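**Q** Experimental coordinates follow, after the sequence.
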Amino acid sequence: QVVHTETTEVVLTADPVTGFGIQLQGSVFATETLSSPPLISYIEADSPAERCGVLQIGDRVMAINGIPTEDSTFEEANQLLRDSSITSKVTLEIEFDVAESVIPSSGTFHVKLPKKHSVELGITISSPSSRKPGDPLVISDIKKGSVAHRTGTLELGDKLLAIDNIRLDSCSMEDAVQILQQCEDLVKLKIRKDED
């Protein structure tokens, strides 16, 4: 297969109830070097941690507020978190691979993405024109972190036919938003392929 390792950013804010619902560990592997000093092993229920927009168990944070991590002691990173609520907000960068959902077949591209309740996805929709049978769904932009762009398939300039279980065949971008939203567990994106 083919993958493209890319990095992104993450915003963590503090809540007036419990602050940050994150739980960082100091190098799990524990053995020669680190390569993973600061990594979340569990979040909290009812905390801006999971509700921040994109937080999963095992956040391979590389930098916090500009400060590195893999290029230094893990303890310092731990200090940042415990003290990452001064400004009621923290910005960090993470690295990951784009995949875990790719299954095409020329003409029809499948993208099964694990959907959630209501977290920052970053998916932007668009319609070409509502004056023809088969109005396909169109993408306009995809934010990092979220599974949307992570899958590394949703390319700008393509078309769709079915989402999860409903088809845009009826013509209605808004519809796709309803079926793509209502599928808060697993959205099936059926794109259309057709090179020059």
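**A** Done, it's in. Numbers count the residues shown, from 1 in each chain.
**Q** quick one: contacts for the spatially most central residue of the chain?
**A** Centroid-nearest residue in the chain: residue 146, 1.1 Å away (criterion: CA atoms, centre = their mean). Residues near residue 146 by CB atoms under 8 Å, 6 or more residues apart in numbering: 53-54, 119-123. Every C-beta, even on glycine, is put in place using the N, C-alpha and C of the backbone.
**Q** what does residue 34 give?
**A** By CB under 8 Å, 6+ apart, residue 34 lies in contact with 27, 70, 74.
**Q** wait, is residue 76 part of a helix?
**A** Yes: counting by DSSP: H, G, I helix; E, B strand; the rest coil, residue 76 falls inside a helix.
**Q** burial count for it?
**A** By other CB atoms under 10 Å, 14 other residues sit near residue 76.
**Q** hang on, the earlier thing: need the contacts of residue 146 in CSV with neighbour count, secondary structure and distance to residue 12, can you?
**A** Listed next are the contacts of residue 146 as CSV, based on neighbours: other CB atoms under 10 Å; DSSP: H, G, I helix; E, B strand; the rest coil; distance: CB to CB, whole Å:
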residue, neighbour count, secondary structure, distance to residue 12
53, 17, coil, 9
54, 23, coil, 10
119, 17, coil, 14
120, 16, coil, 12
121, 21, coil, 18
122, 17, coil, 17
123, 21, coil, 22
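**Q** Next, the contact list for the closest residue to residue 47 other than its chain neighbours, please.
**A** Among residues not flanking residue 47 along the chain, residue 21 sits closest, at 2.2 Å (CB to CB, 6 or more residues apart in numbering). Contact partners of residue 21, counting by CB under 8 Å, 6+ apart, are 15, 43-50.
**Q** Mind checking which of those residues land in helices?
**A** 48-50 (DSSP state H).
**Q** Now flag whichever of those is closest to residue 7.
**A** Distance to residue 7, by CB to CB, is smallest for residue 49 among the ones in helices among the contacts of residue 21, at 20.3 Å.
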